[PDB]
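Presented below is the structure to which this report refers.
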Amino acid sequence: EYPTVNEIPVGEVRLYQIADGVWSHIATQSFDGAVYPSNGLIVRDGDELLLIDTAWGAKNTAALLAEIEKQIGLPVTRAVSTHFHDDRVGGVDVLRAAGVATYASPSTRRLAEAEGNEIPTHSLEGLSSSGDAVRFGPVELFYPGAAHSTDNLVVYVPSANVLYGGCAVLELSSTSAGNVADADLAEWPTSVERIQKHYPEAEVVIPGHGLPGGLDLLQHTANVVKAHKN
Ligand code: NA
Ligand SMILES: [Zn+2]
Ligand SMILES: [Zn+2]
């Protein structure tokens, strides 16, 4: 079953199979003293893998690559970071040094640079406006509008009907929107509505932190964020 913070010591990574050729990766990291789990995604594309998000730091990301080689045995050739925070880009230097081509939107790259985070090598164009969608290997990348951050992207895997929301989507047990220092609380519910409208057929929704669920994670996120904003 789906691993939680208690089952993953900081520095270890678990993989969880979501569908044929689709896995989440789960890592843990200390932030402001406390340990949190974090998810990303792995998608098979023929005999190579596309990585979505780092495992939140260099050591975790090196462990991620090791766990991928052990469990899956296919090379990660490209990676996309879904926003500029450390749980998404921390580890990019490890990926790049391992031969993985790293990508993010221009906005994410600029914000990462400004924050002193690692910076993905390549820009993902065509994602500047809310509702924009582009194909990238076996996934579609979608910019729903500002939410957890202004740059946040979501990822859909058409072959599996799996929607990876990153931090624009919250898990069902969540009662608050979490770290909102960079968030746009006024726009976030609208951004979620765009996701709902564009991916009504999604069967699994994976949040950036915590348990995957169904489409209800989307409405739940809008609700929490509205209640948070008050
Ligand atoms: Na690899
Ligand atoms: Zn974030
Ligand atoms: Zn986060």
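Order of appearance sets the numbers: ligands from 1, and atoms from 1 within every ligand. Heavy atoms only: backbone and side chains are in, while hydrogens, waters and symmetry mates are out. Sequential numbering from 1 along the given sequence is applied to the chain's residues.
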Next item on the list: Assess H85: does it contribute an N, O or S atom lying under 2.8 Å from the Zn ion (ligand 2)?
Entry: yes
Checklist line | Side chain to side chain, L15 and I72, heavy atoms closer than 4.5 Å | finding: yes
Check: Is a side-chain donor or acceptor of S176 paired with a backbone partner of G178 at a separation under 3.5 angstrom?
Finding: yes
Notebook entry, point to check: Any idea which N/O/S atom from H83 gets closest to the Zn ion (ligand 2)?
Noted result: NE2
Notebook entry, point to check: Taking the Zn ion (ligand 3) as the vertex, what is the angle from OD2 of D87 to NE2 of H209, given to 10 degrees?
Noted result: 90°
Next item on the list: Could you tell me whether the side chain of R135 and the main chain of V139 form a donor-acceptor pair under 3.5 Å?
Entry: yes
Item checked: Chi angles and distances behind the side-chain hydrogen bond (donor to acceptor under 3.5 Å, both in side chains) call for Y2, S24 -> CA-CA 10 Å; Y2 202 85; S24 62; 2.9 Å; yes
